[PDB]
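Those letters in the first sequence? Residues 2 to 45, 55 to 101, per the UniProt record's numbering, in order.
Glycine is no exception: its CB is placed at the ideal position from the N, C-alpha and C atoms.
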Amino acid sequence: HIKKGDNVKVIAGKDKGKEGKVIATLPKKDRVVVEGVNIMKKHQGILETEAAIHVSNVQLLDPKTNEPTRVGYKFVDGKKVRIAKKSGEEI
RNA sequence: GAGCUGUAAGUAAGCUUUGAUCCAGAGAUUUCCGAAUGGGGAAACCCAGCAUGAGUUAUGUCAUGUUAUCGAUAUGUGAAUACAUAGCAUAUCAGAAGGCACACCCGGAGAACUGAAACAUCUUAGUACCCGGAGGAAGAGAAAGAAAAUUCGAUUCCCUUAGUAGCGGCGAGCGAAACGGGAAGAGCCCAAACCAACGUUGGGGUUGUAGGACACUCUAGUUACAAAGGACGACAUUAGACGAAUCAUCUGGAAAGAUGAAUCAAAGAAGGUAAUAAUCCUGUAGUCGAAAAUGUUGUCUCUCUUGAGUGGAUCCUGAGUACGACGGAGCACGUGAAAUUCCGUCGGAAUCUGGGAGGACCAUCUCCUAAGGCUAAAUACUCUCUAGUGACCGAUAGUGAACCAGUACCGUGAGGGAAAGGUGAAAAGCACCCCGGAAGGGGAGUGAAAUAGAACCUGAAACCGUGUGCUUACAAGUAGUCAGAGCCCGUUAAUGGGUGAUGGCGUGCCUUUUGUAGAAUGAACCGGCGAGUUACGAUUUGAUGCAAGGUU
RNA sequence: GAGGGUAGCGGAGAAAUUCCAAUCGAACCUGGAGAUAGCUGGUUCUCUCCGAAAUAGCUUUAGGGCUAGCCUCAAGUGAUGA
RNA sequence: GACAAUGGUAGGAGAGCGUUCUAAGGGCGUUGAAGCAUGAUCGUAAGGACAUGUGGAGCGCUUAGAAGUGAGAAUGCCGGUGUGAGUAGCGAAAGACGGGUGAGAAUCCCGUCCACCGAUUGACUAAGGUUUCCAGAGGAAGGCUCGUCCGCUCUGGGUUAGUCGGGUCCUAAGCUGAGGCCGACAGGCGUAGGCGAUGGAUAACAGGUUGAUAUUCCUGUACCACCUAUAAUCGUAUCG
RNA sequence: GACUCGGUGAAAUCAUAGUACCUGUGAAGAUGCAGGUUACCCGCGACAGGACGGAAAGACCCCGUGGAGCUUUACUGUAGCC
């Protein structure tokens, strides 16, 4: 659904409306780490680190107008491509 | 199509768009024990022969293959004993052996407690157990039949006939069938007479509205029975792919909730997501896809293939069988007037002008043709698969087992057998300071909440403690009830709440008994669990529809 | 002392109903099996109306059962009750 | 608005309360559901509301339907916790003192006296057990008290054979046996042949050494079986 | 051993208990009922009369149309033998 290094928007949670770059992925549990989201404080001094959120809480913005949208698959070329729902432009 | 190195957090060293892991169909490798099979043996071990190979100056050692016992088939196959029909040796073999599914099927063998209010005939019962065959089913099956109609026409299963006929120390109890309505539905091959070959099957032929041999007119079938061995196109099964439609505001640690305005539907089945989502995620409706491997089939291929036979004198069918007597068993039917069907022992028929049956037996009539074999479909059952369903369970429940359970543990052994689920949305699992040898604890910090800190959701009663308002050391108490001063409080607001100087009355509860304070029985206390239910028949009452008719 | 043999409708016994894995007048385990019990014990919420018997006959019967007699609920026939 | 009825066991009849689930309709809940705790509330009974604290996600109402639908007794089953009660007991026996260790010593370590066994409580070895053996480090639980200690916990170690005891040697009892005999089925007997010590045969001794092994390792001297090459009898042997 | 101190620390039993005596009464032998008499609250060491004291659904006795073992000229069968 969301690949590593793509740009997404937080749709739900405590940081709703925060653009970031995915920098990690956990497909086994469906969780993804997005930079600047879910910062947590650990005890071991206090080392602040970023927690992983649910993959169903982030959306990909349109390339042209930066609008959160769903991903489609036209599959014209021999390799399938990700197509933005709002506009056919590839995401 | 970007991540990966099982459960599992870490600590490491590494692989991967040259496309890793992961999923599916085919191949390779596969130690030792175990039918275990080279010989032994206390299974998972020990000890050998033969052949061919490396190693070693040689011996010791090592590696890869072969050697169990019984069957059916070659070869030699000279003992008592001069045919020889003992043994005895080698060769060949998708020949056997053992193991499951508390389940279904056929056969062998075969109890008891119990009921009859005792008990032996009888019943429970041809049931349990044991053994031995199998097969995806088995078994049965092409009339020596059912009957009495102006007849039907292989077997099996369901409804009905019916709790009827009948059986029975005629007690207790047991218990049919044929007609009629349905599911399914095809039937064939041998022996014999005879015709050709030197106890191989070569032809010929298969039966009752009588057949064949023998004399006589004369141009389709398929390996699921009916004889059996292959070549040839299309659908499904075992990984997948695409797949419509939402944005704000308020309360929150968090929106899917509330408040407004928009949307998709051949998709409003469901499961997740920091709370209750048709439009956030995985899916659903619908529509596509198969290297290679299985199964079901369709086509031509392949094999195999002569049918009506008018006469009718002579010939043919299945024997120690059919049947009888004696002793048993089986048919709903206990020897009874017991027909029909079987086993052991003896005696023993007929031959188409024959033989058998129609509930003893005879006559007449009617219907069939035994003593050889094979045969699919309608039926029974469920280890274990792939989809699903529930006015079923929700941790003392549900399988003994929601946890690594037939495991802790118990027994020499065969066997018996438990207890144990829940932090949070996210480990964000309390850095640091202080008391202490530690354990533990008080602060700080994380979080929405730490009376959520892993002996971790909620946290009832028994039971054990601390503080306090009233009360008690002259008193005889199933401990309560009615009457009633003083002292301390102030509620769901009303003829209020707590404590109790003193007076009247009063010998627990259950079970069982003519009768219990009873010294008759039962309970240490608290919690959970724990006993007239269901399926087929009969009868009566209420309700309801129709009515000389009602209902399948 | 070591290694062996005899098993329950059975073994062993210089004999006691003595022993066969800590209870043997007939061992242990699983199954038929929820054997049978005319005998004991137990059997869970609340109100309203009515309300007994402990007798007769028969009984392989006497602490069991059956019919009759006394209770209750309905539908009926009418002074037939005291 | 009138008169008349209402004690009750075994039993008969009638009307109701509450619990779980289901179908329709209509409603509450993070502005806090169920459950739990408390109170001076309502109805003829079984029972029904309301407020507050705790709790943190489900649950009432109306009519009808369907039941694993109501607990104080069964010497009832399972779990938890009392009473007796700070009561009985703490499993044959001689100990004392001075040092050491340590948070903590009648109980651990070292030393000196004393006491007990000595056909033995001493020294070796079969069966059986199966790491209980050694060293350093530990004190939650186990040890009938204590514990710094341990047959307890953690980490790392320890068993050396041609000759000792068993296999490539033999056999008793007994147990299994190709063919074979006998039996409803299984399977019961049994010959040749095999298996089977508690017995027969059979080549090593004395010292030394480790925290833990010794006829095994080491030092010094032996013996048995089997291989290889080279020399003695100048064979009509030799092996069976 | 018991008894007094330090350490450790069970069991049978148990309807709730603020648990006196005498004469009488009662299902006929009362801590609990009637009438009298006596008794300030709470411990420790001892004795054993009674709570029909506590361990075992009384083995004696009688009942069940209940079991099991044994005996015989009880009934009906049977191995075996002639």
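- Message: Tell me the DSSP secondary structure of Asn8 in three-state form.
- Response: Locating residue 8 in the first sequence gives position 7, where the first residue counts as 1. Correct three-state label for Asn8: strand.
- What number of angstroms, rounded off, separates the C-alpha of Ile63 from the C-alpha of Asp16? Translated into the one-based positions of the first sequence, residue 63 becomes position 53. Translated into the one-based positions of the first sequence, residue 16 becomes position 15. Counting only the Cα atoms, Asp16 lies some 11 Å from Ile63.
- Item | Burial state of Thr79, where buried means 16 or more other Cβ atoms lie within 10 Å | Position 69 of the first sequence, counted from the first residue, corresponds to residue 79. The residue is buried, with at least 16 neighbouring Cβ atoms inside 10 Å.
- Report yes if the CB atom of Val11 is closer than 7 Å to the CB atom of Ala25, and no otherwise. Start at 1 with the first residue of the first sequence, and residue 11 comes out as number 10. Start at 1 with the first residue of the first sequence, and residue 25 comes out as number 24. Not in contact: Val11 and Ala25 (Cβ atoms no closer than 7 Å).
- Message: Just verifying my parser: in three-state terms, what is the DSSP assignment at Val33?
- Response: To locate residue 33, count along the first sequence from 1; it is residue 32. Per DSSP, reduced to three states, the secondary structure at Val33 is strand.
- Message: What would DSSP say about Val68, mapped onto helix, strand or coil?
- Response: Counted from its first residue, the first sequence places residue 68 at position 58. Correct three-state label for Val68: strand.
- Message: For a test of the three-state rule: what should DSSP assign to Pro28, helix, strand or coil?
- Response: Counting from one through the first sequence, the residue named residue 28 turns up at place 27. Correct three-state label for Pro28: coil.
- Item | Which of helix, strand or coil DSSP assigns to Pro78 | Within the first sequence, residue 78 is the residue found at index 68, counting from 1. Per DSSP, reduced to three states, the secondary structure at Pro78 is strand.
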